[PDB]
Every structure is written in C-alpha cells, then in structure tokens.
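One structure below.
In the text below, chain A, chain B and the rest are named by the order of the sequence lines, each starting its count at 1.
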Amino acid sequence: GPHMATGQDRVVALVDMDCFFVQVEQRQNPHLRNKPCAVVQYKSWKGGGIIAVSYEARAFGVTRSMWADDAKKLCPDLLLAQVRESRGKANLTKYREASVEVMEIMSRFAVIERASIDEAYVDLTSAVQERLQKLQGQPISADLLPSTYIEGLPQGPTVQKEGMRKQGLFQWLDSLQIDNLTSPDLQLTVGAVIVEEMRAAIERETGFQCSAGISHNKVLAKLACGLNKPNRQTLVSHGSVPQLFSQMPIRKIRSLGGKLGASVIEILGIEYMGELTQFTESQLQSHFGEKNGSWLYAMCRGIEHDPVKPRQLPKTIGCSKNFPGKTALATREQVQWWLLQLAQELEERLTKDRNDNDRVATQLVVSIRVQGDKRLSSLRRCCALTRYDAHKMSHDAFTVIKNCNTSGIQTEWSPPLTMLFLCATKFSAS
DNA sequence: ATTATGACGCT
DNA sequence: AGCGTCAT
Ligand SMILES: Nc1ncnc2c1ncn2[C@H]1C[C@H](O)[C@@H](COP(=O)(O)OP(=O)(O)OP(=O)(O)O)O1
Ligand SMILES: [Mn+2]
Ligand SMILES: [Mn+2]
C-alpha cells in the first residue's frame, strides 16, 4: 500500500536517432534524401553488408545484415552510400563525429549517458522541477506536444494515425492534475515537453531527426522510444505498464534479448513480461541469481533503478577487422601489416581524443580470433600503452600474441587469424 | 562471409 | 585479468 515504492521518482528519456548513418549520408548528399537507401560497408563480397536502412527502403523489406546484392532483389532502385575505407578497413569517423554533434546539443538540456553511437539517456528530473515552477500551475497545451504519443491511449469511446495520436493526447491532458507539483504523470508530461524542445533543437542544428521515449527509468524509456518511430516520441506512464506488458514478449526488454531472456521463457513457461508478476522475488532469484531476480521482480512492475550515468564520451577507443574465409591471415608479414594498419587508425583517434578530451589511455588490449573458433574472441591480452605511437603499439601487440602461432615455421601463421582487435582503455586525466 | 564496435558481468 | 553476455 502506502509503503510500496512505485518507481516514479525520476523522469528519464531515451533519444535515438532515426536510421542514423543513413541520415548522415543524406545530409551530405541531397540526392539520397527521401529515397529508399542504405549504408553499406565493403562492396566486393555480395555488394557489401548493409548496416543502416532508410524507412522508405524498410518498406521493401530491406534490413540490416543483408548483403546489398540481396537487398537489390527486394528493392531494385535502392540507393547506397558506402562507409569510408582507410588503411584497408572500414572507418566510422564521419558517424562518430556526427554523434558528437548530437550529444553536445543534448548536453545543453541535461546530463546525458551515451548509450551508443546514436542514442543517449537523459535524466530530466531536475529540469522538470524547474519548468513546473515556471508554469505556475498553468495547464499544458497540446500544442506543446506536437509529436508525442501517449502509450495506451486513446481508450474507450478515428481513422488517421495523426488523428489517433491527438485523440490519445487529448484524453491524457484532459485527465492531468496540474495542481500537484509532485504528480508523476504531470512530471512525465513536462518531461515530454522538454524532449520536444530537445528534439527540435537537434533537428534545427544538425538536420537529423530522432525519436524518443519518456518514462520513469531507462528500460521503459528505451522501450517507449521504439513504439512510434520515426520522428515521434512516446510517453509510457507507470499506469500504462500492466496493459503494455501483458502482451510484451520478454525478449523486447533491454538485457533480455539473449540467453537470460530465453531462460526466463523456458524455465518459467511464460511468454510476456507481465506474466513475471506471478512469481515471488525469491522464486526469480532462485532461477536467475540474486541480482537478476531482484531486477526482474521490479522490472515486470515497471520499476528499475539504474541511474543515468554522467558519461558523454566512450570509455574505450578500439579498432577491429575481420578476415573471413580465405582472406584469413596466414603469414607473419600479413599479421604485422594489419596490426600496423589498426594501430595507425588507433593512434589517429587516440591523439585526437587527447586534444579534445584531456585524457590519455594507459592500457592496450589485443584480441584475435583463429580459424575454427566461432566465439567472437579467441584470445584477449593486455599490455601497457605508454606512448601514442602506432609502430610501438603494433610491435607490442605482436609480442603479446606471437605465441598463438602453432606453426613450427617462423614465417607462417597457423591457424590463420580471422580477426584482429586493438583497444585502448583505462583513461587518466591529462 | 551478420562487421565494427562498446558497456558491463562473472570468477 | 581474461572471458562471456548483450547491445547498436
Ligand atoms: N549491428 C551493427 N553493426 C554495425 N553498425 C550498426 C549495427 N547496428 C547499428 N549500427 C549502426 C548503424 C546505425 O545507423 C546506427 C544506429 O543503430 P540503430 O539505432 O539500432 O538503428 P538506426 O538508427 O539505423 O535506425 P532506427 O533507430 O531508426 O531503427 O548504429
Ligand atoms: Mn537509431
Ligand atoms: Mn540506437
């Protein structure tokens, strides 16, 4: 009853760019705008691999991970933009720099947690409190929420999507008690007003559109974000959770998309997030461990406490390349040349990072994969990163891996390497 | 031959 | 530390 926490203490948003790498390429090249188009890396093997798809192209069935030649079978007029290649490898710098553009705009409104190259969480609790005093018990006009969906509405007592959106929004606003400065629903609404403003700023100042979710925690905010994409934002209230979760596959919730989620389904014989409410906390802890069990018990009730961490910059800087099938590295000279290529891109990014962000990495992590293994990584070894010098870093990387070579022969490498990875970690201020 | 990343958990 | 999981 009165002592039962409801996880309504915070206002959290998740802002996620719409078909991000595609929009970066469409800003650069106007011919690609408002077209079925995708971003591809490499070209020689089956037209290259698709890593981003415009909403026009999705309508034809084009998806991420599809080969471009296969995508063209679904969409013959599909337009393609290629990822830049430097030192023999895909180079994602243009998209990292576009990410920074967006992150710096978001940071003007609130402290953000960078969650990926194209999304960040926002803790809006304080900003909401401030806007609420500005408002002075003034009602929130629908005009302040021109792209917002209220999940679960309209309900009860109609043909257009925008018409439905506004119907739901009006039901929501009509019910709001604006007199209470601590009503969670009011706080979420004001949160949504601020995110409309954030999203307008991102679009005005970069040309990029995005979607967003507004709720009381990160997991619900992310789920909300995807409910109405592209170019829209969705408010998921605490009250909307039982209906929303009653038909929500468990795999849809962040962190449950893999083996744990499959185990929840198999062991408990359920399909939907809401079905978890029928287990005790101890029951869930018995199956899934103390931490997961407690997390699941609260999460299926819409409650989660993971903070929006104040971190805008990535914690690691890495450079990775696969060498699939017959391209696998089988000579020492091969392995050394590619370590140098990776090390050279790493040095470039590290040096820029040091100038921009007043920090220095102190540890170099080296990872490889060997033909036959189908783990992502076969071996991970660390060494000291004492200077930003590609020749030194690549020599050091070779040193820490060179005894993986089963070859009795100096010059040959066996088994061949199907992946190399250099990652700079453990930053210190400088 | 679903690539290039990047965060966090376990022991 | 080195490995595994989950993510975009
Ligand atoms: N598995 C991947 N491999 C390589 N790059 C990826 C992968 N997933 C995502 N990316 C890149 C390209 C994406 O444009 C960008 C953002 O990813 P994501 O938010 O999942 O989709 P998206 O922004 O392209 O479309 P949308 O978010 O509108 O569905 O990150
Ligand atoms: Mn996105
Ligand atoms: Mn994303």
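With the nearest nucleotide of DNA chain B identified for both A/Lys89 and A/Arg64, A/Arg64 has the one nearer the 5' end. Nearer to the 5' terminus of DNA chain C, by closest-nucleotide assignment, is the contact made by A/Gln363 (compared with the other of A/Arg251 and A/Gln363). Of the residues near DNA chain B, A/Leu313 and A/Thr327, the one whose nearest nucleotide (by heavy atom distance) lies more toward the 5' end is A/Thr327.
Among the heavy atoms of the strands lying under 4.0 Å from A/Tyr42 are primed sugar atoms or P, OP1, OP2 only; no base atom is included. Using a 4.0 Å heavy-atom cutoff across all strands shown, A/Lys321 reaches sugar-phosphate atoms only and no base atom. Among the heavy atoms of the strands lying under 4.0 Å from A/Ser65 is at least one base atom, whether or not backbone atoms are also near. Across all strands shown, A/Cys319 has heavy atoms under 4.0 Å from sugar-phosphate atoms exclusively, and none from any base. Using a 4.0 Å heavy-atom cutoff across all strands shown, A/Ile117 reaches no nucleic acid atom at all. A/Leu256 comes within 4.0 angstrom of the backbone, heavy atoms only, and of no base. A/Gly49 comes within 4.0 angstrom of no nucleic acid atom, judged by non-hydrogen atoms across all strands.
The separation between A/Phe421 atom CZ and B/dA7 atom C1' is 12 Å, rounded to whole Å. Rounded to whole angstrom, the span from the CG atom of A/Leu92 across to the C1' atom of B/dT3 amounts to 9 Å. Protein atom CZ of A/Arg380 is 9 Å distant from nucleotide atom P of C/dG4, rounded to whole Å. Taking atom CD1 on A/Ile50 and atom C1' on C/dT8, their separation rounds to 16 Å, with Å as the unit.
One finds no salt bridge joining A/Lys218 and A/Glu304 here, because no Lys/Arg side-chain nitrogen approaches an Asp/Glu carboxylate oxygen to under 4.0 Å.
The listed nucleotides are C/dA1, B/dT2, C/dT5; the one nearest the side chain of A/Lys259 is C/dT5. Taking only side-chain atoms of A/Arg311, from C-beta outward, the nucleotide of B/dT3, C/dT8, B/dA7 with the closest atom is B/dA7. Looking at the side chain of A/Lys222, the nearest of the listed nucleotides C/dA7, C/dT8, B/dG6 is C/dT8. Here the side chain of A/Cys382 is nearest to one of C/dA1, B/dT5, B/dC8, namely C/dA1. In this structure, the nucleotide among B/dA1, B/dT5, B/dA7 sitting nearest to the side chain of A/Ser320 is B/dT5. Picking from C/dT8, C/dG4, B/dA7 the nucleotide with the shortest atom distance to the side chain of A/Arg375 gives C/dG4. In the set B/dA4, B/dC10, C/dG2, B/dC10 carries the atom at the smallest distance from any side-chain atom of A/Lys291. Side-chain proximity of A/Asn322 to B/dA4, B/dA7, B/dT5: nearest is B/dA4. Distance from the side chain of A/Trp67 is smallest for B/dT2 among the nucleotides B/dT2, B/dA4, B/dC8.
When atom types are taken as modelled, the side chain of A/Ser377 and the backbone of A/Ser367 share no donor-acceptor pair closer than 3.5 angstrom. Side-chain N or O atoms of A/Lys392 include none that pairs as donor or acceptor with a backbone N or O of A/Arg387 at under 3.5 Å.
The side-chain heavy atoms of A/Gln41 and A/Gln82, taken from C-beta on, include no pair separated by under 4.5 Å.
With both ends at atom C1', the span from C/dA7 to B/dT2 equals 14 Å, rounded to whole Å.
A 6.0 Å sphere centred on NZ of A/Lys43 holds no more than 12 heavy atoms belonging to other residues, nucleotides or ligands.
Applying the salt bridge (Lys or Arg N to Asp or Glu O under 4.0 Å) test between A/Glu119 and each of A/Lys222, A/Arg254, A/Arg114 identifies A/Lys222 as the sole match.
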